[PDB]
$ cat model26.cif   # mmCIF, C-alpha atoms and all ligand atoms
data_data
#
loop_
_atom_site.label_atom_id
_atom_site.label_comp_id
_atom_site.auth_asym_id
_atom_site.auth_seq_id
_atom_site.Cartn_x
_atom_site.Cartn_y
_atom_site.Cartn_z
CA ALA A 2 5.32 18.91 -4.34
CA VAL A 3 6.39 16.84 -1.35
CA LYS A 4 8.90 14.05 -2.22
CA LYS A 5 11.19 13.58 0.81
CA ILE A 6 9.50 12.83 4.12
CA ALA A 7 10.48 11.77 7.63
CA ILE A 8 8.17 9.39 9.49
CA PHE A 9 8.44 9.15 13.26
CA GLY A 10 6.88 6.01 14.69
CA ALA A 11 7.33 4.07 11.44
CA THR A 12 7.68 0.73 13.27
CA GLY A 13 4.36 0.99 15.12
CA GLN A 14 0.91 -0.33 14.25
CA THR A 15 -0.06 2.61 12.01
CA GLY A 16 3.55 3.51 11.17
CA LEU A 17 4.31 0.26 9.38
CA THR A 18 1.44 0.54 6.91
CA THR A 19 2.05 4.27 6.47
CA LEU A 20 5.68 3.47 5.62
CA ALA A 21 4.56 0.80 3.13
CA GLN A 22 2.02 3.06 1.41
CA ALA A 23 4.47 5.96 1.28
CA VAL A 24 7.19 3.84 -0.46
CA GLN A 25 4.47 2.41 -2.84
CA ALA A 26 3.46 6.10 -3.65
CA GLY A 27 7.07 7.04 -4.66
CA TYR A 28 8.06 9.00 -1.56
CA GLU A 29 11.73 9.15 -0.53
CA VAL A 30 11.21 8.03 3.08
CA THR A 31 13.51 8.59 6.06
CA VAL A 32 12.63 6.89 9.37
CA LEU A 33 13.87 7.33 12.92
CA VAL A 34 13.69 4.00 14.73
CA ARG A 35 14.94 2.69 18.06
CA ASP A 36 16.10 -0.62 16.50
CA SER A 37 16.55 -1.40 12.71
CA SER A 38 15.44 -5.00 13.70
CA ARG A 39 11.80 -3.65 14.02
CA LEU A 40 11.68 -2.58 10.32
CA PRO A 41 10.50 -5.02 7.61
CA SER A 42 13.30 -6.97 5.97
CA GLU A 43 11.41 -7.49 2.69
CA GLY A 44 8.67 -5.51 0.97
CA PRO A 45 8.58 -1.71 0.71
CA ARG A 46 11.42 -0.34 2.80
CA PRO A 47 12.64 3.19 3.57
CA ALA A 48 15.34 4.89 1.52
CA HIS A 49 17.05 6.11 4.71
CA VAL A 50 17.21 4.74 8.26
CA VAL A 51 18.37 6.63 11.35
CA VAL A 52 18.67 4.47 14.48
CA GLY A 53 18.13 6.38 17.72
CA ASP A 54 15.58 7.98 20.03
CA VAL A 55 13.07 10.74 19.50
CA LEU A 56 14.18 11.92 22.96
CA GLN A 57 17.67 12.70 21.55
CA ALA A 58 17.62 16.05 19.77
CA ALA A 59 20.65 15.05 17.71
CA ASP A 60 18.83 11.96 16.45
CA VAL A 61 15.75 13.97 15.52
CA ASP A 62 17.89 16.64 13.82
CA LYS A 63 19.56 14.06 11.56
CA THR A 64 16.12 12.70 10.61
CA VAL A 65 14.45 16.03 9.81
CA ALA A 66 17.37 17.42 7.80
CA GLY A 67 16.58 17.76 4.10
CA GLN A 68 12.93 16.71 4.26
CA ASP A 69 9.90 18.42 2.68
CA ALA A 70 7.45 17.29 5.37
CA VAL A 71 7.14 15.19 8.54
CA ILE A 72 4.64 12.55 9.71
CA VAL A 73 4.34 11.84 13.44
CA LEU A 74 2.95 8.45 14.56
CA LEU A 75 4.65 8.28 17.93
CA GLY A 76 2.93 6.28 20.64
CA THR A 77 3.43 4.16 23.73
CA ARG A 78 2.59 0.74 22.24
CA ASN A 79 0.61 -1.01 24.95
CA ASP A 80 1.84 1.06 27.93
CA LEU A 81 -0.79 3.19 29.69
CA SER A 82 1.62 4.74 32.25
CA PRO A 83 2.08 8.51 32.63
CA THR A 84 4.53 9.67 30.00
CA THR A 85 6.05 12.66 28.26
CA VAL A 86 7.72 10.79 25.36
CA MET A 87 5.31 12.09 22.72
CA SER A 88 5.30 15.71 23.85
CA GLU A 89 9.08 15.86 24.39
CA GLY A 90 9.58 14.10 21.06
CA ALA A 91 7.41 16.77 19.52
CA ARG A 92 9.42 19.59 21.06
CA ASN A 93 12.53 18.08 19.45
CA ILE A 94 10.81 17.59 16.11
CA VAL A 95 9.57 21.19 16.02
CA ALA A 96 13.03 22.51 16.97
CA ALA A 97 14.62 20.47 14.16
CA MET A 98 11.99 21.52 11.61
CA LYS A 99 12.65 25.17 12.38
CA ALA A 100 16.41 24.78 12.27
CA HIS A 101 16.19 23.15 8.85
CA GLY A 102 13.33 25.13 7.31
CA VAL A 103 10.83 22.24 7.16
CA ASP A 104 7.36 23.75 7.47
CA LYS A 105 4.82 20.88 7.20
CA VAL A 106 3.99 18.38 9.94
CA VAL A 107 1.11 15.87 10.02
CA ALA A 108 0.77 14.45 13.51
CA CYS A 109 -1.47 11.83 15.12
CA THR A 110 -2.88 12.41 18.60
CA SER A 111 -6.44 11.24 19.33
CA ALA A 112 -10.11 12.12 19.05
CA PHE A 113 -10.31 12.32 22.85
CA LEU A 114 -8.95 15.84 22.32
CA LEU A 115 -12.38 16.55 20.77
CA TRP A 116 -14.39 14.81 23.51
CA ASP A 117 -16.07 16.23 26.58
CA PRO A 118 -13.32 15.78 29.20
CA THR A 119 -15.67 14.15 31.73
CA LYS A 120 -16.24 11.37 29.17
CA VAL A 121 -12.62 10.31 28.52
CA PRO A 122 -12.06 6.83 30.09
CA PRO A 123 -9.92 7.30 33.22
CA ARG A 124 -7.75 4.31 32.21
CA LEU A 125 -6.71 6.21 29.08
CA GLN A 126 -6.24 9.61 30.71
CA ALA A 127 -2.50 9.31 31.30
CA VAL A 128 -1.72 8.84 27.62
CA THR A 129 -4.34 11.41 26.64
CA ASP A 130 -2.63 13.96 28.91
CA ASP A 131 0.52 13.75 26.83
CA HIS A 132 -1.45 13.82 23.58
CA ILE A 133 -2.81 17.16 24.85
CA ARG A 134 0.71 18.37 25.67
CA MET A 135 1.98 17.28 22.23
CA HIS A 136 -0.89 19.04 20.44
CA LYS A 137 -0.12 22.19 22.39
CA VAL A 138 3.53 22.06 21.32
CA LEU A 139 2.57 21.66 17.67
CA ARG A 140 -0.28 24.24 17.75
CA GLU A 141 2.03 26.89 19.21
CA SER A 142 4.89 26.12 16.84
CA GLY A 143 3.70 28.25 13.94
CA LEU A 144 4.34 25.40 11.51
CA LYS A 145 1.86 24.12 8.93
CA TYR A 146 0.32 21.57 11.32
CA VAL A 147 -2.41 19.06 10.51
CA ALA A 148 -3.76 17.63 13.79
CA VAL A 149 -5.00 14.12 13.04
CA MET A 150 -7.32 12.95 15.86
CA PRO A 151 -8.57 9.40 15.16
CA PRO A 152 -11.05 7.41 17.20
CA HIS A 153 -10.34 3.68 17.74
CA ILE A 154 -7.65 2.35 15.37
CA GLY A 155 -8.70 -1.03 13.94
CA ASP A 156 -7.24 -3.74 11.70
CA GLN A 157 -9.84 -3.58 8.92
CA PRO A 158 -8.59 -3.28 5.32
CA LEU A 159 -7.49 -0.26 3.38
CA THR A 160 -10.51 1.30 1.72
CA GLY A 161 -9.66 4.96 1.03
CA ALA A 162 -13.41 5.52 1.55
CA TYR A 163 -13.37 7.02 5.06
CA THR A 164 -15.04 10.31 6.03
CA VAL A 165 -12.84 13.24 7.09
CA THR A 166 -14.52 15.47 9.67
CA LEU A 167 -13.01 18.87 10.39
CA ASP A 168 -12.76 20.53 13.81
CA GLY A 169 -15.22 18.12 15.36
CA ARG A 170 -16.24 14.52 15.93
CA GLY A 171 -17.37 12.39 13.00
CA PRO A 172 -20.09 9.77 12.49
CA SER A 173 -18.07 6.58 13.17
CA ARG A 174 -15.80 5.63 16.08
CA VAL A 175 -13.30 3.39 14.26
CA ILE A 176 -10.71 3.97 11.54
CA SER A 177 -8.55 1.16 10.21
CA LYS A 178 -4.80 1.58 10.62
CA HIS A 179 -4.42 1.36 6.84
CA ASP A 180 -6.93 4.15 6.21
CA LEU A 181 -5.38 6.28 8.96
CA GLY A 182 -2.01 5.92 7.29
CA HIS A 183 -3.60 6.61 3.91
CA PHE A 184 -5.09 9.80 5.34
CA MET A 185 -1.75 10.89 6.87
CA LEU A 186 -0.19 10.68 3.42
CA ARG A 187 -3.15 12.45 1.78
CA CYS A 188 -2.38 15.39 4.05
CA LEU A 189 1.00 15.80 2.33
CA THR A 190 -0.65 16.41 -1.05
CA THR A 191 -2.87 19.31 0.08
CA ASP A 192 -2.78 22.32 2.41
CA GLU A 193 -6.57 22.44 2.96
CA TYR A 194 -6.34 20.69 6.35
CA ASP A 195 -3.54 22.90 7.66
CA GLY A 196 -4.45 24.50 11.02
CA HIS A 197 -7.54 22.29 11.47
CA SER A 198 -8.29 19.20 13.58
CA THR A 199 -9.09 16.13 11.36
CA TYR A 200 -11.20 13.10 12.42
CA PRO A 201 -10.95 10.20 9.90
CA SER A 202 -13.61 7.53 10.45
CA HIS A 203 -15.44 4.82 8.55
CA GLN A 204 -17.93 1.97 8.79
CA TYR A 205 -16.42 -1.41 7.90
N1 LIG B 1 -5.04 2.45 19.75
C1 LIG B 1 -6.04 3.30 19.44
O1 LIG B 1 -7.16 2.87 19.25
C2 LIG B 1 -5.78 4.74 19.30
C3 LIG B 1 -6.86 5.62 19.17
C4 LIG B 1 -6.60 6.97 19.04
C5 LIG B 1 -5.29 7.40 19.03
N2 LIG B 1 -4.28 6.56 19.16
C6 LIG B 1 -2.92 7.10 19.12
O2 LIG B 1 -2.44 6.95 17.77
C7 LIG B 1 -0.99 7.01 17.81
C8 LIG B 1 -0.42 5.87 16.97
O3 LIG B 1 -1.11 4.68 17.35
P1 LIG B 1 -0.17 3.40 17.08
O4 LIG B 1 -0.85 2.18 17.76
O5 LIG B 1 -0.07 3.17 15.56
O6 LIG B 1 1.27 3.71 17.73
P2 LIG B 1 2.14 2.46 18.27
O7 LIG B 1 1.68 1.04 17.68
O8 LIG B 1 2.17 2.48 19.74
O9 LIG B 1 3.63 2.73 17.71
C9 LIG B 1 4.32 3.67 18.54
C10 LIG B 1 5.56 4.15 17.78
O10 LIG B 1 6.26 5.16 18.53
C11 LIG B 1 7.66 4.82 18.50
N3 LIG B 1 8.36 5.37 19.67
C12 LIG B 1 7.93 5.33 20.96
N4 LIG B 1 8.81 5.89 21.74
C13 LIG B 1 9.86 6.32 20.99
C14 LIG B 1 11.06 6.97 21.27
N5 LIG B 1 11.41 7.34 22.56
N6 LIG B 1 11.88 7.24 20.26
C15 LIG B 1 11.58 6.91 19.02
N7 LIG B 1 10.46 6.30 18.71
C16 LIG B 1 9.58 5.98 19.65
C17 LIG B 1 7.68 3.27 18.56
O11 LIG B 1 8.95 2.80 18.09
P3 LIG B 1 9.31 1.32 18.63
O12 LIG B 1 9.02 0.35 17.55
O13 LIG B 1 10.89 1.33 18.93
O14 LIG B 1 8.51 0.93 19.96
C18 LIG B 1 6.54 2.98 17.55
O15 LIG B 1 7.06 3.00 16.22
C19 LIG B 1 -0.59 6.82 19.29
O16 LIG B 1 -0.20 8.07 19.86
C20 LIG B 1 -1.89 6.31 19.95
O17 LIG B 1 -1.90 6.67 21.33
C21 LIG B 1 -4.48 5.26 19.29
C1 LIG B 2 -5.40 7.02 24.23
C2 LIG B 2 -5.04 6.05 23.03
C3 LIG B 2 -5.79 4.78 22.92
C4 LIG B 2 -5.32 3.44 23.23
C5 LIG B 2 -4.03 3.02 23.70
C6 LIG B 2 -3.60 1.70 23.40
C7 LIG B 2 -2.35 1.23 23.86
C8 LIG B 2 -1.54 2.06 24.64
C9 LIG B 2 -1.95 3.37 24.95
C10 LIG B 2 -3.20 3.85 24.49
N1 LIG B 2 -6.32 2.54 22.99
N2 LIG B 2 -7.42 3.25 22.54
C11 LIG B 2 -8.70 2.73 22.17
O1 LIG B 2 -8.92 1.52 22.23
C12 LIG B 2 -9.66 3.70 21.74
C13 LIG B 2 -9.34 5.07 21.68
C14 LIG B 2 -10.30 6.09 21.27
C15 LIG B 2 -9.87 7.41 21.04
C16 LIG B 2 -10.83 8.38 20.70
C17 LIG B 2 -12.18 8.03 20.55
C18 LIG B 2 -12.60 6.71 20.80
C19 LIG B 2 -14.04 6.34 20.68
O2 LIG B 2 -14.48 5.29 21.28
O3 LIG B 2 -14.79 7.12 20.02
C20 LIG B 2 -11.65 5.74 21.15
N3 LIG B 2 -8.09 5.47 22.06
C21 LIG B 2 -7.12 4.59 22.49
#

$ encode --input "model26.cif" --output "structure tokens" --more "lines below"
Ligand SMILES: NC(=O)c1ccc[n+]([C@@H]2O[C@H](COP(=O)([O-])OP(=O)(O)OC[C@H]3O[C@@H](n4cnc5c(N)ncnc54)[C@H](OP(=O)(O)O)[C@@H]3O)[C@@H](O)[C@H]2O)c1
Ligand SMILES: CCc1c(-c2ccccc2)nn2c(=O)cc(-c3cccc(C(=O)O)c3)[nH]c12
Amino acid sequence: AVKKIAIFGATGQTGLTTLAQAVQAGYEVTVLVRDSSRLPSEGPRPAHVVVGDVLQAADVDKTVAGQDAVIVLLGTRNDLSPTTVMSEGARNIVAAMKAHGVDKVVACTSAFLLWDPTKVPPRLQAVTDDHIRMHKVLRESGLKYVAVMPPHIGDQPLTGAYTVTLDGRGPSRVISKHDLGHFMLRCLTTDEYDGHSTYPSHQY
């Protein structure tokens, strides 16, 4: 079973609760972060910290070495500008996984990849464009890839009661950050989502 994981984006909104739940679950967690100051100083903390940039292949290589699986929660925080950080990060992550023989990656993009493209809000298109590029990188990689495509990420509590919809849109348009992280970790315990798109959603 999976015991050692790397989490990219561990200091973000979803990352921080995914890191907490993973350490609570008994995972040996490695994180790549841009500043150790953005990690929690008390509470569940990672067993291993690499400080650097997902845009530096050497930094990604050090993080992926020795792991059983990888979680990707990269994002742009509040910035809606055009960007390639997530898709270039993903190229580095895939390269490292292949060099080291890590075969399992669970990666968050967005449910807009399952929407009619004329319906995606133009204000969000620039970020969505790189979500599409990142999904393409991971799809084409040949790795065991679970594409997690959430709708709106909220701040409702952990429930573990969300619906998981495969290869399509689900019945609710929100998922709490805690349940999204919970789902990311569930994907490490099973191969039944490999190669599929996954839409977690719930009514709070
Ligand atoms: N907001 C929504 O409703 C919504 C809906 C659907 C999908 N999504 C997508 O879900 C994903 C995660 O959402 P989120 O809000 O939890 O992400 P987030 O709060 O924006 O956190 C982004 C993470 O990416 C890391 N990161 C960014 N650039 C990096 C770089 N060059 N090198 C290393 N690390 C880097 C950040 O590290 P730092 O701490 O150093 O900044 C941070 O940990 C995002 O891709 C988002 O677009 C969001
Ligand atoms: C593109 C990511 C994003 C962001 C964002 C935030 C900060 C910086 C950059 C981007 N905010 N944000 C939302 O508020 C809602 C959705 C979303 C996705 C899919 C389906 C639905 C739905 O309504 O069904 C909603 N995506 C989203």

$ closest_atom_pairs --input "model26.cif" --of "chain A" --to "ligand LIG 1 (chain B)" --cutoff "8 Å" --atoms "all atoms listed in the file" --output "Markdown table"
| residue | atom | partner | partner_atom | distance |
| --- | --- | --- | --- | --- |
| A:9 | CA | B:LIG1 | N7 | 6.5 |
| A:10 | CA | B:LIG1 | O15 | 3.4 |
| A:11 | CA | B:LIG1 | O15 | 4.9 |
| A:12 | CA | B:LIG1 | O15 | 3.8 |
| A:13 | CA | B:LIG1 | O9 | 3.2 |
| A:14 | CA | B:LIG1 | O7 | 3.8 |
| A:15 | CA | B:LIG1 | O5 | 3.6 |
| A:16 | CA | B:LIG1 | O5 | 5.7 |
| A:17 | CA | B:LIG1 | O15 | 7.9 |
| A:33 | CA | B:LIG1 | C15 | 6.5 |
| A:34 | CA | B:LIG1 | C15 | 5.6 |
| A:35 | CA | B:LIG1 | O13 | 4.4 |
| A:36 | CA | B:LIG1 | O13 | 6.1 |
| A:39 | CA | B:LIG1 | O12 | 6.0 |
| A:53 | CA | B:LIG1 | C15 | 6.7 |
| A:54 | CA | B:LIG1 | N6 | 3.8 |
| A:55 | CA | B:LIG1 | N6 | 3.8 |
| A:56 | CA | B:LIG1 | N5 | 5.4 |
| A:74 | CA | B:LIG1 | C8 | 4.9 |
| A:75 | CA | B:LIG1 | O10 | 3.6 |
| A:76 | CA | B:LIG1 | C9 | 3.6 |
| A:77 | CA | B:LIG1 | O8 | 4.5 |
| A:78 | CA | B:LIG1 | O8 | 3.1 |
| A:79 | CA | B:LIG1 | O8 | 6.5 |
| A:86 | CA | B:LIG1 | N5 | 5.8 |
| A:87 | CA | B:LIG1 | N4 | 7.2 |
| A:90 | CA | B:LIG1 | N5 | 7.2 |
| A:109 | CA | B:LIG1 | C7 | 5.5 |
| A:110 | CA | B:LIG1 | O16 | 5.3 |
| A:111 | CA | B:LIG1 | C5 | 4.0 |
| A:112 | CA | B:LIG1 | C4 | 6.2 |
| A:113 | CA | B:LIG1 | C4 | 7.5 |
| A:128 | CA | B:LIG1 | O17 | 6.7 |
| A:129 | CA | B:LIG1 | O17 | 7.5 |
| A:132 | CA | B:LIG1 | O16 | 7.0 |
| A:150 | CA | B:LIG1 | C5 | 6.7 |
| A:151 | CA | B:LIG1 | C4 | 5.0 |
| A:152 | CA | B:LIG1 | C4 | 4.8 |
| A:153 | CA | B:LIG1 | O1 | 3.6 |
| A:154 | CA | B:LIG1 | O1 | 3.9 |
| A:155 | CA | B:LIG1 | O1 | 6.8 |
| A:175 | CA | B:LIG1 | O1 | 7.9 |
| A:178 | CA | B:LIG1 | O5 | 7.0 |

$ atom_distance --input "model26.cif" --atom1 "atom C1 of ligand LIG 2 (chain B)" --atom2 "atom CA of residue A:73"
15.3 Å

$ closest_residue --input "model26.cif" --among "A:104, A:43, A:130, A:29" --to "ligand LIG 2 (chain B)" --atoms "only C-alpha atoms and all ligand atoms"
A:130

$ closest_residue --input "model26.cif" --among "A:116, A:194, A:163, A:146" --to "ligand LIG 2 (chain B)" --atoms "only C-alpha atoms and all ligand atoms"
A:116

$ atom_distance --input "model26.cif" --atom1 "atom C18 of ligand LIG 2 (chain B)" --atom2 "atom CA of residue A:191"
26.1 Å

$ residues_around --input "model26.cif" --residues "residue A:89" --least-positions-apart "4" --cutoff "9 Å" --atoms "all atoms listed in the file" --output "VMD selection string"
chain A and resid 55 to 56 85 93 to 94 134 to 135 138

$ build_atoms --input "model26.cif" --residues "stretch 83-114 of chain A" --atoms "N, CA and C atoms" --output "CSV table (one decimal), in the coordinates of the input"
chain,number,residue,atom,x,y,z
A,83,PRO,N,1.8,7.1,32.9
A,83,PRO,CA,2.1,8.5,32.6
A,83,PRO,C,3.4,8.6,31.8
A,84,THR,N,3.4,9.6,30.9
A,84,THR,CA,4.5,9.7,30.0
A,84,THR,C,4.6,11.1,29.4
A,85,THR,N,5.8,11.5,29.1
A,85,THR,CA,6.0,12.7,28.3
A,85,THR,C,6.8,12.4,27.0
A,86,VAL,N,6.9,11.1,26.5
A,86,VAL,CA,7.7,10.8,25.4
A,86,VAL,C,7.2,11.5,24.1
A,87,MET,N,5.9,11.6,24.0
A,87,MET,CA,5.3,12.1,22.7
A,87,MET,C,5.4,13.6,22.7
A,88,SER,N,5.3,14.3,23.8
A,88,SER,CA,5.3,15.7,23.8
A,88,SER,C,6.7,16.2,23.8
A,89,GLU,N,7.7,15.5,24.5
A,89,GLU,CA,9.1,15.9,24.4
A,89,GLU,C,9.6,15.5,23.0
A,90,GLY,N,9.3,14.4,22.5
A,90,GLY,CA,9.6,14.1,21.1
A,90,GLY,C,9.1,15.2,20.1
A,91,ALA,N,7.9,15.7,20.4
A,91,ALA,CA,7.4,16.8,19.5
A,91,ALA,C,8.2,18.1,19.7
A,92,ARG,N,8.6,18.4,20.9
A,92,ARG,CA,9.4,19.6,21.1
A,92,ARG,C,10.7,19.5,20.2
A,93,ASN,N,11.3,18.3,20.2
A,93,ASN,CA,12.5,18.1,19.4
A,93,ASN,C,12.3,18.2,18.0
A,94,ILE,N,11.1,17.6,17.5
A,94,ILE,CA,10.8,17.6,16.1
A,94,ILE,C,10.6,19.0,15.6
A,95,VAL,N,9.8,19.8,16.4
A,95,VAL,CA,9.6,21.2,16.0
A,95,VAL,C,10.9,22.0,15.9
A,96,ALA,N,11.7,21.8,17.0
A,96,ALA,CA,13.0,22.5,17.0
A,96,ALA,C,13.8,22.2,15.7
A,97,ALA,N,13.9,20.9,15.4
A,97,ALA,CA,14.6,20.5,14.2
A,97,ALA,C,14.0,21.0,12.9
A,98,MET,N,12.7,21.0,12.8
A,98,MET,CA,12.0,21.5,11.6
A,98,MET,C,12.3,23.0,11.4
A,99,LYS,N,12.3,23.8,12.5
A,99,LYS,CA,12.6,25.2,12.4
A,99,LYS,C,14.1,25.4,12.0
A,100,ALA,N,15.0,24.6,12.6
A,100,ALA,CA,16.4,24.8,12.3
A,100,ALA,C,16.7,24.5,10.8
A,101,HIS,N,15.9,23.6,10.2
A,101,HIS,CA,16.2,23.2,8.8
A,101,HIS,C,15.3,23.8,7.8
A,102,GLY,N,14.3,24.5,8.2
A,102,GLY,CA,13.3,25.1,7.3
A,102,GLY,C,12.3,24.2,6.8
A,103,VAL,N,11.9,23.1,7.5
A,103,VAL,CA,10.8,22.2,7.2
A,103,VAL,C,9.6,22.8,7.8
A,104,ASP,N,8.5,23.0,7.0
A,104,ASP,CA,7.4,23.8,7.5
A,104,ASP,C,6.1,22.9,7.7
A,105,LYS,N,6.1,21.7,7.3
A,105,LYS,CA,4.8,20.9,7.2
A,105,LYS,C,4.9,19.7,8.1
A,106,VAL,N,4.0,19.5,9.0
A,106,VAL,CA,4.0,18.4,9.9
A,106,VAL,C,2.5,17.9,10.1
A,107,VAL,N,2.4,16.6,9.9
A,107,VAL,CA,1.1,15.9,10.0
A,107,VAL,C,1.3,14.9,11.2
A,108,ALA,N,0.5,15.1,12.3
A,108,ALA,CA,0.8,14.4,13.5
A,108,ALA,C,-0.5,13.9,14.1
A,109,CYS,N,-0.4,12.6,14.5
A,109,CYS,CA,-1.5,11.8,15.1
A,109,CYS,C,-1.5,12.0,16.6
A,110,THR,N,-2.7,12.4,17.2
A,110,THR,CA,-2.9,12.4,18.6
A,110,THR,C,-4.1,11.5,18.8
A,111,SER,N,-5.3,12.0,19.0
A,111,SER,CA,-6.4,11.2,19.3
A,111,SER,C,-7.7,12.1,19.4
A,112,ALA,N,-8.8,11.5,19.0
A,112,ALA,CA,-10.1,12.1,19.0
A,112,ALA,C,-10.5,12.5,20.5
A,113,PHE,N,-10.0,11.8,21.5
A,113,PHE,CA,-10.3,12.3,22.8
A,113,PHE,C,-10.0,13.8,23.0
A,114,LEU,N,-9.1,14.4,22.2
A,114,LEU,CA,-9.0,15.8,22.3
A,114,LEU,C,-10.2,16.6,21.9
